[PDB]
Amino acid sequence: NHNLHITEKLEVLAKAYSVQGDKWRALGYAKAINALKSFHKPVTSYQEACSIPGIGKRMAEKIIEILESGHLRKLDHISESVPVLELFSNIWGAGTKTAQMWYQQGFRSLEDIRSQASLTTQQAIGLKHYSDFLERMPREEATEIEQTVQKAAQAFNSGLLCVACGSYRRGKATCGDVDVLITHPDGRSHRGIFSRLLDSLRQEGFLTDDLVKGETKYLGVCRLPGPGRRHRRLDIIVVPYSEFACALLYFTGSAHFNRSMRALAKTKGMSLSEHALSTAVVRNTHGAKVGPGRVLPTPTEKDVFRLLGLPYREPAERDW
DNA sequence: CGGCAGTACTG
DNA sequence: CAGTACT
DNA sequence: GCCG
Ligand SMILES: [Mn+2]
Ligand SMILES: [Mn+2]
Ligand SMILES: [Mn+2]
Ligand SMILES: [Mn+2]
Ligand code: NA
Ligand code: NA
Ligand code: NA
C-alpha cells in the first residue's frame, strides 16, 4: 500500500461512521480506502485524487489536507462515544442500534453490560466469548475444524461433501472463523442432516454454543480438545447439489467481491445469489426485483464468471 | 435524485 | 417488522 | 462518502 499515511486516517473516520449507524457514508469511505490501497504510487494531486474510481471531490480534499499538513482535522471532532460504541458492537449479536441504546442508557464498559444490560441469548454468548471472537486462528487450526465437521458428517453418509470456504479457501494465513459448506452429489441426501450432525458434534464436546439454528444455516461456537485451545466461531451451510457452485462462490467471498459481482449482474438484467444466477430479471425504477427471471445452469464457479462475461478468478484473487 | 447485494434467522 | 448476521 |  503506497498510501498508508492516507488510508490509516480515513479508516478512523470510516469506523466512526460505521459504529454510529451511518452505513452508506461508511461504505463510501470503505470503497475509497480499498481504491487507495490498490493504487501503485502515492497520490500526489487533488487532480490525481479524482483520478481514481471511488474518490470524489470531498475525498480528494481530505487526502490533500493529509499530504499538505500530515493531518485531518475532522479526526479531532469524532464523538467521545465512538470507542464505547465500538466496544459494545464487538459483542456478537449487538450492532449499531443496540450499542447506541446501551450508550444512551448510561453504559460505558463491558462490566456495565454484564451487570446491568438486558442481553439476548445470542449477545450473552457473544459477551462470554468477547476476547476469543476478536482473535483470528492460524489456518492450520481452521483445517482441524473443517476435518472435525467432515468426519462427523461422513459418519452418516460417506457421500457428503464438506469444504471450508471464506478466508480459508481464499488462502489467508489466519481465519476469523471457519465457514463449512455441505452438500451431497445425489441431490437428495443433504436433507434433514442438521439434526444428527449437530448432535454428533455436540455429544463430542466440540460444539459449545449455538447462535443460529436454521433449516439451512448454522452459526455457533466450537473448541478443539486439549490444552491451549480457544473457542472459535463456526458457520455451516447445507445446500442442494444444484446450487453448489453459487453457494461455493457466495461462501468463499470476499464480501466486497460478492457485492461487486452481484452489482455487475444487476447491470446486465441478471441476479446473483447463493442459490442461483438468474437472467431476464424484472426490476422497478428503484432496482428492486419484481419479476423472478429464469435460473441459469451453473455447474461450476467458472460458469458463473462466463455467464457474466468475466474472466475466471481463483479464490485467492477474490480477496477484495 | 437516489441506489449503494442478496439472502437467512430471531423475537 | 427491525435488527443483526453471513460472504 | 461515490457515482450514474
Ligand atoms: Mn469466515
Ligand atoms: Mn462465517
Ligand atoms: Mn475460550
Ligand atoms: Mn466476515
Ligand atoms: Na474517481
Ligand atoms: Na456485534
Ligand atoms: Na446504573
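Atom set for the values below is all heavy atoms of this structure, side chains included, hydrogens, waters and symmetry mates excluded. In what follows, chains carry the letters A, B, and so on, assigned in the order in which the sequence lines appear, proteins first and then strands, with residues in each chain numbered from 1.
Side chain of A/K62, nearest nucleotide from C/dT7, B/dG6, D/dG1: D/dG1. Residue A/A255 places its side chain closer to C/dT7 than to any other of B/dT7, C/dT7, B/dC9. The side chain of A/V212 approaches B/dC9 more closely than any other nucleotide in the set C/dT7, B/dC9, B/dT7. The side chain of A/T216 sits closest to B/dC9 out of D/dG1, B/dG6, B/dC9. Of the candidate nucleotides D/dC2, C/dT7, C/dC6, C/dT7 has the atom lying nearest to any side-chain atom of A/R170. Listed nucleotides: C/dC6, D/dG1, B/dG6. Nearest to the side chain of A/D235: C/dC6. Distance from the side chain of A/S273 is smallest for B/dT7 among the nucleotides C/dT7, B/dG3, B/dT7. Taking every side-chain heavy atom of A/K97 into account, C/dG3 is the closest of B/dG11, C/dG3, D/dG1. With C/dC6, B/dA5, C/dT7 as the candidates, the nucleotide lying closest to the side chain of A/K266 is B/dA5. With D/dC2, B/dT7, B/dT10 as the candidates, the nucleotide lying closest to the side chain of A/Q122 is B/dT10.
A salt bridge links A/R233 to A/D235: one of the charged nitrogens lies within less than 4.0 Å of a carboxylate oxygen. In summary, A/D177 and A/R136 do not engage in a salt bridge, as defined by a charged side-chain N under 4.0 Å from a carboxylate O. With respect to the salt-bridge test (charged N to carboxylate O, under 4.0 angstrom), the residues A/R169 and A/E301 qualify.
Classified by interplanar angle (parallel below 30°, tilted 30° to 60°, perpendicular above 60°), the ring pair A/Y312/A/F305 is perpendicular.
C/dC6 atom P lies 13 Å from atom OH of A/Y218, rounded to whole Å. Between the P atom of D/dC2 and the CG atom of A/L27 lies a distance of 11 Å, rounded to the nearest Å. A/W320 places its CH2 atom 13 Å from the P atom of B/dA5, with the value rounded to the nearest Å. If you measure from atom CZ of A/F133 to atom P of C/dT4, you get 17 Å, rounded to the nearest angstrom. To the nearest angstrom, P of C/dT4 lies 12 Å from CD1 of A/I91. Atom CD of A/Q123 and atom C1' of B/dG11 are 12 Å apart (whole Å). If you take OH of A/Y250 and P of B/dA5, they are 14 Å apart, rounded to a whole angstrom. The distance from atom CG of A/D210 to atom P of C/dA5 is 17 Å, rounded to the nearest whole Å.
Look at A/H275 and you'll find a side-chain N or O under 4.0 angstrom from OP1 or OP2 of B/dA8. Contact between the side-chain N/O atoms of A/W24 and the OP1/OP2 oxygens of D/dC3 is not found at any separation under 4.0 Å. Residue A/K31 has no polar side-chain atom (N or O) positioned under 4.0 Å from OP1 or OP2 of D/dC3. Within the structure, every side-chain polar atom (N or O) of A/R25 is placed at least 4.0 Å from both OP1 and OP2 of B/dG3. Phosphate proximity of C/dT7 to A/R318: absent, as no side-chain N or O sits under 4.0 Å from OP1 or OP2. Regarding contacts with the backbone of B/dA5, a side-chain N or O of A/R259 is found under 4.0 angstrom from either OP1 or OP2. Not one side-chain nitrogen or oxygen of A/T120 sits closer than 4.0 Å to the OP1 or OP2 atom of B/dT10.
For the side chain to side chain contact (heavy atoms under 4.5 Å, CB included) criterion with A/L234, the lone passing option out of A/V221, A/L207, A/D179, A/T148 is A/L207.
Comparing the P positions of B/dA5 and D/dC3 gives a spacing of 15 Å, expressed to the nearest Å.
A/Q147 and A/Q150 share a side-chain donor-acceptor pair at under 3.5 Å. Between the side chains of A/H71 and A/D76, at least one donor N or O sits under 3.5 Å from an acceptor N or O.
The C1'-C2'-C3'-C4' torsion of B/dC1 is negative, which assigns its sugar to the south, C2'-endo side.
The residue A/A94 sits close only to the backbone: its heavy atoms come under 4.0 Å of sugar-phosphate atoms, none of a base. Note on A/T98: only backbone sugar-phosphate atoms sit closer than 4.0 angstrom, heavy atoms only; bases stay farther off.
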